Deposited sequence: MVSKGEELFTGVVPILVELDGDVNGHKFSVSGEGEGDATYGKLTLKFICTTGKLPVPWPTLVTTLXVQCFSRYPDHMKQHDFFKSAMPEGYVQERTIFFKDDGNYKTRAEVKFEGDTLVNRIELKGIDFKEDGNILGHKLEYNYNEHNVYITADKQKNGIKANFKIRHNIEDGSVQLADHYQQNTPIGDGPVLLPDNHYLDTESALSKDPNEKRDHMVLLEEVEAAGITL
C-alpha cells in the first residue's frame, strides 16, 4: 500500500464517535458506534442522544459525526490524506453556515485508539432562530448525495474542503448549509498531500424500531473521484 496508515483499513474497523454540543445554549451529547469497511467506502453507525431529546435535527449533525473510510480508487491511492495520517490521526475543523440562520463551529480529533477508529468532537452553535428550520425541527429525515471538494494545504501539511449540503424541509423548501473544512495531522509522520479531487458521498438515514432513545442509524457509501 502507499501509506502505512492505509494498511489499517483493509478489513472492517470498529468505530466510536463522541460529540459534545452546545447550540444556542442547548447542551447535548451524542454517542455512536458501528464499523467501517473502507475497501468499499462503507460504514454503518448508530447514534444516540444520551442527554435526552436532541435539540437540533439529526440530519444537521451528519457531516460532523470519518472520511478515512472513503474508498479511493486504485489509481487515486496517492491522494488519500485521511488514511495516511493514521494511526496518530488528524484534527478536523469546520464552520457550517446555515443560510438565513445560525452556524456550527466544530473541532474533532480522528485517530486510532488500539483497533478502534475514534472521532471525538466539540460543537458550538450560535445565532440560530428559535422558530427557524433547525431549532424548530423542520428538516425532513432524509439526506441528499453531495460532493466534498478537497484541496491540499501544503503549509499546514493538511487539506481543506468545502461543500454545500442541501437539506430538504418539510414544506418543500431547502435549507442550505455551507461547510468550510480544514484537516491537520496530529503526528509528525509523513502524510499524502492530494491533487484536487472530491468525495462522492451518499448517506442513508433510518431508525431502529426497538430503540426508545432519540437516535439515528446512518449508512454511508463514499468514493473519491475526479482525477
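Gaps in the model relative to the deposited sequence occur at 66, 229-230, listed in sequence order.
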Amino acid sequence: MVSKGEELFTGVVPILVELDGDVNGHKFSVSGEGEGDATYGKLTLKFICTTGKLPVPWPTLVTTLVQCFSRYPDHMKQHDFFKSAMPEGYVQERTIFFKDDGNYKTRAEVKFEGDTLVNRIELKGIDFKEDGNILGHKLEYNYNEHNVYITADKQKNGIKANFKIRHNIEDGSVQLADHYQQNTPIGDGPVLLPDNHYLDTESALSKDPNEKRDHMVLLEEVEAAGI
From here on, numbers count along this sequence of modelled residues.
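As listed in the deposited structure, the average C-alpha B-factor of 125-133 and of 78-86 is greater for 125-133. The PDB entry records a higher mean C-alpha B factor for 181-189 than for its counterpart among 181-189 and 160-168. Per the PDB entry, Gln155 shows the highest C-alpha temperature factor of the residues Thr95, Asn119, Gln155, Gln92.
Among all modelled residues in its chain, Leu65 ranks in the lowest third by Cα B-factor.
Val12 sits in the highest third of its chain by CA B factor, as recorded in the PDB entry. When the CA B factors of the chain's modelled residues are split into thirds, the value for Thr51 lands in the lowest one. In this PDB entry, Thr44 carries a Cα temperature factor that places it within the highest third of its chain's modelled residues. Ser173: CA B factor lies in the highest third for its chain, per the PDB record.
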